Amino acid sequence: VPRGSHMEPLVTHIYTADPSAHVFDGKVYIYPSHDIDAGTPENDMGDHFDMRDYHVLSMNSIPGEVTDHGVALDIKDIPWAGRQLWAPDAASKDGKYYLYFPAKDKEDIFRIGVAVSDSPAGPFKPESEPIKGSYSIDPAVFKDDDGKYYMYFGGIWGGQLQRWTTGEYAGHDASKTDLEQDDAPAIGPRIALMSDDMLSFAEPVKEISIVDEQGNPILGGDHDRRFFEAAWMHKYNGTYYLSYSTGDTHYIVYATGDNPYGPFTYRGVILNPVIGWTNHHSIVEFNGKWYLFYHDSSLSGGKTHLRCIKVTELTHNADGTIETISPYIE
Ligand SMILES: O[C@@H]1[C@@H](O)[C@@H](O)CO[C@H]1O
Ligand SMILES: O[C@@H]1[C@@H](O)[C@@H](O)CO[C@H]1O
Ligand SMILES: [Ca+2]
Ligand code: NA
């Protein structure tokens with residue numbers, strides 16, 4: 001039956017999270033995490049998220065019937081992976097489709113890998129090693145209008161971004177949160193231009209600067225505004241929109257800039273807090289309307305690690321500002 005009419009769960013037969021929505025072949029393809037009831041210890045390192053595979057979803061219309069294409073990738077077939085298949089994304093180039101996914105390697109260090117298919121629905125063959133120079137979590141691979149592709153990535157706390165300041169992993173006894181200097185600039189998300197073949201980075205990884213309306217860096221103590229995880233990039237009216245989750249304050253927020261690398265100026269809230277601790281989203285244009293894909297823990301009765309994806313219309317104003325969505329009002 002058709003789904004996505006009144007902020008209802010898009011699917012209920014499996015738990016889904018962290019939706020990355022794209023328009024490929026005139027359809028909406030969604031690349032979410034596949035939540036399972038692993039029953040592992042819940043803690044601020046995210047051990048309760050013990051996902052093991054990905055399913056690709058698709059819709060021909062919103063609202064519309066949602067197709068589950070089966071298992072697109074299974075952790076048992078990813079040679080380098082140890083555990084934890086977290087928030088993925090996909091990209092399309094020259095008739096090939098690439099699934100980008102964060103997972104811990106056998107040394108328990110998050111890296112980002114790629115898997116390749118001839119179809120947006122998968123299934124995908126994983127590369128035997130993760131992307132050289134990748135680390136941490138939550139990739140978003142953005143195709144700019146000029147044909148260049150960029151990976152945005154990173155997540156603090158359990159996403160380990162705070163352990164990568166030197167370009168090498170600081171170890172499992174390093175910070176469990178952030179820099180632990182609340183008056184220094186907050187940690188920024190990462191960006192790299194993708195190689196022509198989409199399997200590697202074409203440059204050294206850069207950090208993105210996020211600033212307030214005065215041009216001052218967002219500080220580490222500013223948990224309402226500072227980057228936590230779930231980076232996403234979209235463009236509107238020639239402006240670049242970096243949106244992301246603030247984690248412990250439970251917002252999706254956005255910041256605007258004039259190029260892929262920023263800096264980005266914090267503008268405001270995209271999505272207020274949902275049921276369940278995590279908040280993770282994507283923003284996509286389909287048939288001339290903009291949509292916010294997101295999740296909550298409503299279907300599971302509030303279990304942090306058993307989420308369901310939802311969608312609602314997102315409204316840009318002509319001046320580039322976006323109307324804040326509150327999830328349970330209409
Ligand atoms: O990577 C995501 C993270 O952003 C958070 O939403 C928890 O679930 C993981 O899959
Ligand atoms: O620290 C983790 C973070 O990495 C994400 O998985 C959300 O839950 C938090 O506990
Ligand atoms: Ca994401
Ligand atoms: Na607002």
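Both counts, for ligands and for their atoms, begin at 1 and track the order of listing. Count residues from 1 along the sequence.
- Only protein atoms were considered; those of element N, O or S under 3.0 Å from the Ca ion (ligand 3) number 1.
- In terms of N/O distances under 3.5 Å, ligand 1 is not approached by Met51.
- Residues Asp50 and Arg83 are not paired through a salt bridge, judged by the lack of any N-O separation under 4.0 Å between the basic side chain and the carboxylate.
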Ignoring hydrogens and angles, write down the donor-acceptor pairs under 3.5 Å from the side chains of residues 110-121, residues two or more places apart or on other chains.
| residue | atom | partner | partner atom | Å |
| --- | --- | --- | --- | --- |
| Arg111 | NE | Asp105 | OD2 | 2.9 |
| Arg111 | NH2 | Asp105 | OD2 | 3.1 |
| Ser117 | OG | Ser119 | N | 3.2 |
| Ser117 | OG | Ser119 | O | 3.4 |
| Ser117 | OG | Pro123 | O | 2.7 |
| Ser119 | OG | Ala121 | N | 3.1 |

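- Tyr100 and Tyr31 have their aromatic ring centers separated by at least 6.0 angstrom.
- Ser175 contributes a side-chain N or O that, together with a main-chain N or O of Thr177, makes up a donor-acceptor pair within less than 3.5 Å.
- Inclusion of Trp86 in the set of residues having an N or O under 3.5 Å from an N or O of ligand 1 is not warranted.
- Note: an N/O pair closer than 3.5 Å links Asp138 and ligand 1 by distance alone.
- Scanning all protein heavy atoms for the shortest distance to atom 9 (C) of ligand 1 gives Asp18 OD2, 3.3 Å.
- For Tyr135 and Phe153, the ring centers are positioned less than 6.0 Å apart.
- Salt-bridge formation is not detected for the pair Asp53/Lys76: no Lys NZ or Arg NE/NH1/NH2 atom is positioned less than 4.0 Å from an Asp or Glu carboxylate oxygen.
- Backbone and side-chain nitrogen or oxygen atoms of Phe228 are examined, and none is located within less than 3.5 angstrom of a nitrogen or oxygen of ligand 2.
- Considering each of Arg307, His281, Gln84, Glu229, the one bringing a non-hydrogen atom nearest atom 8 (O) of ligand 1 is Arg307.
- Distance from atom 1 (O) of ligand 2 to its nearest protein heavy atom, with residue and atom name: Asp44 O, 2.6 Å.
- Ion pairing of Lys176 with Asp44 is absent here, as no side-chain N (NZ or NE/NH1/NH2) approaches a carboxylate O to less than 4.0 Å.
- Counted by atom type alone, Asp37 and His305 present one or more donor-acceptor pairs between their side chains at under 3.5 Å.
- Between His22 and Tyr29, the distance separating the two ring centers is not shorter than 6.0 angstrom.
- Side chains of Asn272 and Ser326: a donor on one and an acceptor on the other come within 3.5 Å.
- Proximity of the aromatic rings of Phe101 and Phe124 is defined here by a centroid distance below 6.0 angstrom, and this criterion is not met.
- Against a heavy-atom cut-off of under 4.0 Å, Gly159 is close to the following atoms of ligand 2: 4 (O).
- Distances below 4.0 Å separate heavy atoms of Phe49 from the following atoms of ligand 1: 7 (C).
- Heavy atoms of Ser33 found under 4.0 angstrom from ligand 1 belong exclusively to the side chain.
- Less than 4.0 angstrom separates some heavy atom of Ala87 from each of these atoms of ligand 1: 1 (O), 2 (C), 10 (O).
- Below 30°, between 30° and 60°, or above 60°: for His316 and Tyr236 the angle between ring planes is below 30°, a parallel geometry.
- Using a non-hydrogen distance threshold of 4.0 Å, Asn43 registers as a contact of ligand 2.
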